[PDB]
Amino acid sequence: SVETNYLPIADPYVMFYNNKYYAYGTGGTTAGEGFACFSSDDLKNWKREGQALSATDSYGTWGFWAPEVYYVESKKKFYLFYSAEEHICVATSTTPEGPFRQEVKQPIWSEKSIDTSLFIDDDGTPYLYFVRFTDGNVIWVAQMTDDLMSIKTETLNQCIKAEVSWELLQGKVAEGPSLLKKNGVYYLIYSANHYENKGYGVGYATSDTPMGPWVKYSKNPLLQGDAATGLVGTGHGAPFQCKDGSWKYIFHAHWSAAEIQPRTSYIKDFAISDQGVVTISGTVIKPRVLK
């Protein structure tokens, strides 16, 4: 039977671990503030796994946004990177579903920041992408310490700010970073505009280093509303590999053309060509939750 005909989260992230998809996003919780965990075998039908993170096990009581979860081979443990009260935080778990907890309930650093996304390079060096409120919402990067608990502030670098027309429909916002490396090029995939705008959209930038400098793709945006479904407010997503070796891009959209809330998530195809061009395309998978 059907719980809901949607995947009821915003700012979605998918981890493919041990032949199983695991989704985490903003909202859709059933046991208080924090993050839920959804799992799936096929990307269409999802089941709830429980409350991945409870507010009592973390810094903060409000604003649990934009979670990403990674199995770190180096540490043989799961790491949940997230925002809480407009600060960036990290919790750990021995399993994909949780409970993710902080031993000490504090953020990574003191400055307000959101939209954490981790990248560990071929070198073994960890990088954290996140938003600082320096000139609108701006995507920054810094190298992390070995324990993935702190950033090295001396490595702070500015990545992307809202500059071109499609990125300045509402407010001054570049956010929801995602990093992928392919054939020596680092691709920073991000969202621009206030999420409430129907023109929330996804674009990318490239660089020969993980911390820039960055050149934006000339044909951005990659995704700014899906034509076939009429989904609008499309953004804050994540790329991920599938069982068969192809890629997909999970993202949210407004509830409908009339109402923003509650945002829900959808899946399209994703790829980086041999000539280094990124595409988000294909018929939208409209996920649902079963019990």
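Quick note: we count residues from 1 along the sequence shown, nothing fancier.
- Mean CA temperature factor is higher for 237-245 when stretches 59-67 and 237-245 are set side by side in the entry.
- As the entry records it, the average C-alpha temperature factor is higher for 102-110, out of 79-87 and 102-110.
- You'll see in the entry that, of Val185, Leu156, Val131, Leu168, the Cα B factor peaks at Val185.
- Across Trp140, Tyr200, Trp214, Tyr127, the entry's maximum B-factor at the CA atom is seen for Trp214.
- In the PDB entry, a CA B factor belonging to the highest third of its chain's modelled residues is recorded for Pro96.
- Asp147: CA B factor lies in the highest third for its chain, per the PDB record.
- Ranked within its chain, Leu43 lands in the highest third, by CA B factor from the PDB record.
- In the deposited entry, the Cα temperature factor of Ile160 sits in the middle third of values across the chain's modelled residues.
- Remark: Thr206 belongs to the middle third of its chain, ranked by C-alpha B-factor as recorded.
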